[PDB]
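Q: piece number one of the complex, untouched:
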Amino acid sequence: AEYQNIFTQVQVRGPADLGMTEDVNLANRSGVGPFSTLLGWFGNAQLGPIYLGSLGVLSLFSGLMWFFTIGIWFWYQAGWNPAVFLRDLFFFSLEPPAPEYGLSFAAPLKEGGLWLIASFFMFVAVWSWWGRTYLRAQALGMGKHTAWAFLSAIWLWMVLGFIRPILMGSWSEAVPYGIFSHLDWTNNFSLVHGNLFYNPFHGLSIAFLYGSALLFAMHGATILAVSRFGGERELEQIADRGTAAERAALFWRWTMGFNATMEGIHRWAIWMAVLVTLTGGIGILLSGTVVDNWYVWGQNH
């Protein structure tokens, strides 16, 4: 049995790493948490610290208010019976206003108004979390790549719940808050729009979603295969190419005729993943606003 470095053989532990300071406001940084031997079999054992800050607490408060608003609706849909609650948990749904209400905020609480309230809180939670991904990198002197990639996910979410409903003329077009109901919404969306398999932006989204798993399996396996030369220390390999980076590249050059660098593979990676929701958001935004029926549209083009 050759060792494969998927799980750690010998865990080691020292003083907790408190991290870099740079321009981080240490007033808003928690203390360090405990160590998890369980996690240490696969990754780092140390938990914490975490940064709080005004945007974090606003995001947390608002995100919990979103979760609680849905929850309270679920208890009401369950007649406040805890057993009915647990039984139908995945079947409850906080639904948007009926189409008659259009984009009005006057829909009564029990027939769409609570959906709007939950959506307001979610909108605040995500966008303040986005601000947080930006400000955490900036406090550390780092590039803004995480906030920019996160924007691509936010783009699809904004299209589904906000932009497309407004362009279609009613909140009724938006996704409901429930486990099974949002799945039923997804199925219905495709049927209503003439088979989403023929939305070319949907086919691209799939190419990049499959391609993300293809690429991360490739890259994850490649870095493990060269971890015997310190391959996972990618920053110093970028600064000072080692035999790890060279063998990783030549494996792929010899296999498929071209290859990456230790830096450039992470550009391939960030675009492969970002393009999933970028093309996806375009695909959904055009559905119903421009194209009613993707299959018919495809046959005429």
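A: In hand now; what should we look at? Numbers count the residues shown, from 1 in each chain, chains lettered A, B, ... in the order given.
Q: Could you tell me how many residues sit around residue A:290?
A: Other residues near residue A:290 come to 9 when the count uses other Cβ atoms under 10 Å. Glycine gets a C-beta too; all of them are placed from N, C-alpha and C.
Q: Please, where are all the strands along the stretch 151-300 of chain A?
A: Counting by DSSP state E, counting those that start in this stretch, the stretch 151-300 of chain A yields no residue ranges for strands.
Q: show me what contacts residue A:197?
A: With contact set as Cβ atoms under 8 Å, 6 or more residues apart in numbering, residue A:197 has these partners: A:190, A:203, A:294.
Q: so what's the closest residue to residue A:31 other than its chain neighbours up against?
A: Spatial nearest neighbour of residue A:31, chain neighbours left out: residue A:49 (5.8 Å); criterion: Cβ to Cβ, 6 or more residues apart in numbering. For residue A:49, the contact set (Cβ under 8 Å, 6+ apart) comprises A:18, A:19, A:29, A:30, A:31, A:32, A:33.
Q: and those, which are buried?
A: A:29, A:32 (16 or more other Cβ atoms under 10 Å).
Q: Would you reformat the contacts of residue A:49 as JSON lines and include secondary structure and distance to residue A:281?
A: Rendered in JSON lines, the data for the contacts of residue A:49 read as follows (DSSP: H, G, I helix; E, B strand; the rest coil; distance: Cβ to Cβ, whole Å):
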{"residue": "A:18", "secondary structure": "coil", "distance to residue A:281": "39"}
{"residue": "A:19", "secondary structure": "coil", "distance to residue A:281": "34"}
{"residue": "A:29", "secondary structure": "strand", "distance to residue A:281": "34"}
{"residue": "A:30", "secondary structure": "coil", "distance to residue A:281": "35"}
{"residue": "A:31", "secondary structure": "coil", "distance to residue A:281": "39"}
{"residue": "A:32", "secondary structure": "coil", "distance to residue A:281": "38"}
{"residue": "A:33", "secondary structure": "coil", "distance to residue A:281": "36"}
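Q: The following sequence is to be added as chain B:
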Amino acid sequence: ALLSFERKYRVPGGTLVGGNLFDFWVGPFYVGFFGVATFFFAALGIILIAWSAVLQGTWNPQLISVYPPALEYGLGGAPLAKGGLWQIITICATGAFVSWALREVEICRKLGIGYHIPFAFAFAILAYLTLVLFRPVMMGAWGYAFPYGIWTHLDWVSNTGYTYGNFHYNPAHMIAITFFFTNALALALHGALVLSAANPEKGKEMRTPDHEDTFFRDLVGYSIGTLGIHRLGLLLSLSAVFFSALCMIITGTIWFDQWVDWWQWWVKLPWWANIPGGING
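A: One more chain to add, chain B, which I have set with the ones above:
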């Protein structure tokens, strides 16, 4: 031509079959016995696709479609024009893919690196073999496999899914999707993290791995670590494909109803099935 650092790695050795007979390169590509095998399987498969396109009457790659035998052929062979070509092409594709993986193993050995990559690729091959071999054999007919056409295999996914109602309710399918989404989330985050450390703010020195750990700890309270994230990406992508193969190998073999029935066990548990109210009462 070589990369500037490549010559020192182009030594003899590492082959599994043939000794040094195939131990050479064509431009950047390594050959090896399984490179030759790959070429033979792929070239023949492509020739038989061209043959099937000639019989079909189209050179349009968006219309060419190689269909498996009608279900009535069961697991038997079929005439070339009526499923046989699909059958031989499937053998050629399996041969090319397995030859590809074993070629990678020879490349792994010449370069002295671990075998993680062809091992990972083997999961994709097993997912392909689930759809065209393992599931059709267990269902009793090649005709349950998917056709080889750009749009027609999408119609196959649609037809197969809706045979079971909304295929979303397949629970192994739910797990696979969760791994697919989480993998893309992890890939986006990992690419962003490295690039944000290597390309810091203007006016800054290149960051260190400690900045990456600190960023992710500040953000969510945990940093999995540079080794951990590559293990994680490999596990997420492989698990997505494992649960994909699992969600299909059970569909039509040990599960035949609308998938939305599976969860209805939870619904009609005797102690709360008949409580008036809610959704399931």
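Q: Take the contacts of residue A:197 again, chain B included.
A: With contacts defined as Cβ atoms under 8 Å, 6 or more residues apart in numbering or on different chains, the neighbours of residue A:197 are A:190, A:203, A:294, B:154, B:155, B:157, B:158.
Q: how about those in CSV, adding neighbour count and distance to residue B:19?
A: Formatted as CSV, those follow (neighbours: other Cβ atoms under 10 Å in any protein chain shown; distance: Cβ to Cβ, whole Å):
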residue, neighbour count, distance to residue B:19
A:190, 17, 55
A:203, 17, 45
A:294, 23, 55
B:154, 17, 45
B:155, 16, 48
B:157, 13, 45
B:158, 15, 50
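Q: Between which two of the residues you listed is the distance greatest?
A: Comparing all pairs in the contacts of residue A:197 by Cβ to Cβ, the longest separation belongs to A:294 and B:157, at 15.1 Å.
Q: Isn't residue A:99 up against residue A:168?
A: No - under the criterion of Cβ atoms under 8 Å, residue A:99 lies out of contact with residue A:168, with a separation of 9.4 Å.
Q: Kindly state the domain boundaries assigned to the chain.
A: Just so you know, I chose chain A. Chain A is divided into the following domains under curated CATH domains: A:1-143, A:144-301.
Q: let's do chain B instead
A: Taking curated CATH domains as the criterion, chain B consists of the domains B:1-163, B:164-263.
Q: Tell me which of those sits most buried.
A: With neighbours taken as mean count of other Cβ atoms under 10 Å in any protein chain shown, the domains of chain B reach their highest mean count in domain B:164-263, at a mean of 20.
Q: what's the closest of the domains of chain B to residue A:240?
A: Of the domains of chain B, nearest to residue A:240 by Cβ to Cβ is domain B:164-263, at 11.0 Å.
Q: onto the same structure, chain C please:
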Amino acid sequence: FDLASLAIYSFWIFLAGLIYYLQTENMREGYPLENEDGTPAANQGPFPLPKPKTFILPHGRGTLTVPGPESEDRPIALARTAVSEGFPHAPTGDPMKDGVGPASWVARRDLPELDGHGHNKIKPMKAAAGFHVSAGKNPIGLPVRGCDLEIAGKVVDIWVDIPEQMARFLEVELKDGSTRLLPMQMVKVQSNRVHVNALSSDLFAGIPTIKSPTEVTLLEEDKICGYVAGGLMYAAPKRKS
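A: If we add chain C to the chains shown above, we get the following:
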């Protein structure tokens, strides 16, 4: 030709530009391509060399500009086996000692990698205050067995990546009382031994040595890691099936 048609054609143009950008970005190392005799190749393909970018390295380590003039910065004991291109290049000496093929190393900086505070990233556990084995079999004190199934020495310390709290090397004491570093990813810790498939016991002393007992440079890591991995190919005649 409506907005969806305009969108999809536009996206494909963007994608072609993105792939061209991504490929050129990934030519910042190893290009331009060379002939097998080291001179520039005539055919470089259709993607042009990227324009230089600079990394300002921390801790006073200077700047990297890539692409830049490239050099192995070390002798390569290999000779052509053929006049035409595409055939293997054969080691002229001892490939393990000369660091070629799967024994290859790169002329990295002869300095240790530093953490974010400017301290050595890797240290022997005896020099890393508070570090200890926290789970799994502690290999210290165990004998180290080679692929000839004979003992080559004893584990005397673990070298740890401090920021990632990770065992990276086993320090192994040989018969003459010197020590070598063994990559943690190339050993299997068992209850009564550390087994190293890559090397036979007679090859452990050939592992390149480090100049200081409490630190290891990137150059030295590359030489150790290359040598040990090179044993999978070159110590195979000594490997019992």
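Q: Could you re-examine the contacts of residue A:49 with chain C now present?
A: Counting by Cβ under 8 Å, 6+ apart, residue A:49 has contacts A:18, A:19, A:29, A:30, A:31, A:32, A:33, B:217, B:218, B:221.
Q: In the stretch 151-300 of chain A, which residue sits nearest chain C?
A: residue A:264 (3.5 Å; Cβ to the nearest Cβ).
Q: What residues does that residue make contact with?
A: C:22, C:25, C:26, C:28.
Q: Kindly list the longest helix within chain C.
A: Scanning chain C for the helix with the most residues, using DSSP state H, yields helix C:3-25.
Q: now the angle between helix C:3-25 and the helix or strand that comes right after that one, please.
A: Note on helix C:3-25: by DSSP states H and E, the next helix or strand toward the C-terminus is strand C:53-57. Computed by axes from the mean of the first three to the mean of the last three Cα atoms, to 10 degrees, the angle separating strand C:53-57 from helix C:3-25 equals 60 degrees.
Q: Could I have the CA atoms of strand C:53-57 written out in CSV?
A: The C-alpha trace of strand C:53-57 is given here as CSV (Å, rounded to 0.1, in the frame of the first residue of the first chain):
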residue,chain,number,x,y,z
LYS,C,53,4.5,40.9,-15.1
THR,C,54,6.4,41.4,-11.9
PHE,C,55,5.9,39.9,-8.4
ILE,C,56,7.5,41.9,-5.6
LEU,C,57,8.5,39.2,-3.2
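Q: Which residues belonging to the helix or strand following it are considered buried?
A: The first helix or strand that comes after strand C:53-57 along the chain, using DSSP H and E, is strand C:62-66. The neighbour-count check on strand C:62-66 (16 or more other Cβ atoms under 10 Å in any protein chain shown) flags C:64, C:66 as buried.
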